[PDB]
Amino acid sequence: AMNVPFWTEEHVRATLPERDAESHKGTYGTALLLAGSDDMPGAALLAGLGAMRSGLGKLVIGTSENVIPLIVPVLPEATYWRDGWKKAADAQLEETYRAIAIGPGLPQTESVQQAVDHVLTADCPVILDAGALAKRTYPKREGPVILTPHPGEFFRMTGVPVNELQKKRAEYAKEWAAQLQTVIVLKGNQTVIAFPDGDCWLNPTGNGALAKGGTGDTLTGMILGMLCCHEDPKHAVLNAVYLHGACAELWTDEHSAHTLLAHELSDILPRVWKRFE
């Protein structure tokens, strides 16, 4: 009813970055991923793979010590900050990162919020997902804050019940992005990308193959990596959400939508991204 525009293929093609011959990994930046706990380990692998697939230069995974050995054989290109998400509860980060994500596979605790508060004093874009999503406010800072809730997490954040939210998704997402002064990626069919400056878009890609555990962890990583290779973080978010959906669409050409596993979205992205170049 607000006639929110779709972020279309033309917009993706016009905004995806080049990876020029005169580049080194420093050009594409170091991301930090604060994810994975002994109790929810897989989220770190999913987000890690998403991030490294998505154009960053280096990835540091601040996961629980016992999760590290589960990532290495699948993603030997990542490096680690041992118990990083826990350590971040106690002190500001000393290292400079191009972008930070926090939350996948983390519990919904006060200590995770202390880590969030410390990460927000860095000067870079920050993504909050999953256990890092809470009812709270955000400090004025350098760099966007990007929240990636599903409708239940949106309810947790705002008190808008899911059954009311789903009637006016873009209207609520826009209202709350403005109130919180954060980007809100409100997941679902026609995911809403609402910006604090009032810009808002709908995502046209994806299908029900995505309605399964782990696909949002993969998306968080994709956003994290795209923030490292796009100069404009708005375009990084929009392109990540778009390409994530497009990977599910490629899957369903020859595979049943009931059968996708989230990690495969990362495996598909190389060929899908090429098509938009």
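Throughout, we count residues from 1 along the sequence that is shown.
Relative to its counterpart among 10 to 18 and 258 to 266, 10 to 18 has the higher mean temperature factor, C-alpha atoms as listed in the PDB entry.
Stretch comparison (103 to 111 versus 159 to 167) by mean CA B-factor in the PDB entry places 159 to 167 on top.
For the set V72, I146, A194, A122, the PDB entry assigns the largest Cα B-factor to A122. Ranking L202, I127, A89, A132 by the C-alpha B-factor listed in the PDB entry places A89 at the top. The PDB entry assigns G152 a C-alpha temperature factor belonging to the highest third of its chain's modelled residues.
Per-chain ranking of the deposited C-alpha B factor places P76 in the lowest third. In the PDB entry, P233 places in the middle third of its chain by CA B-factor. Per the deposited record, the Cα B-factor of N239 falls in the lowest third when ranked against the other modelled residues of its chain.
Sort the chain's modelled residues by C-alpha temperature factor and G29 lands in the highest third, per the entry.
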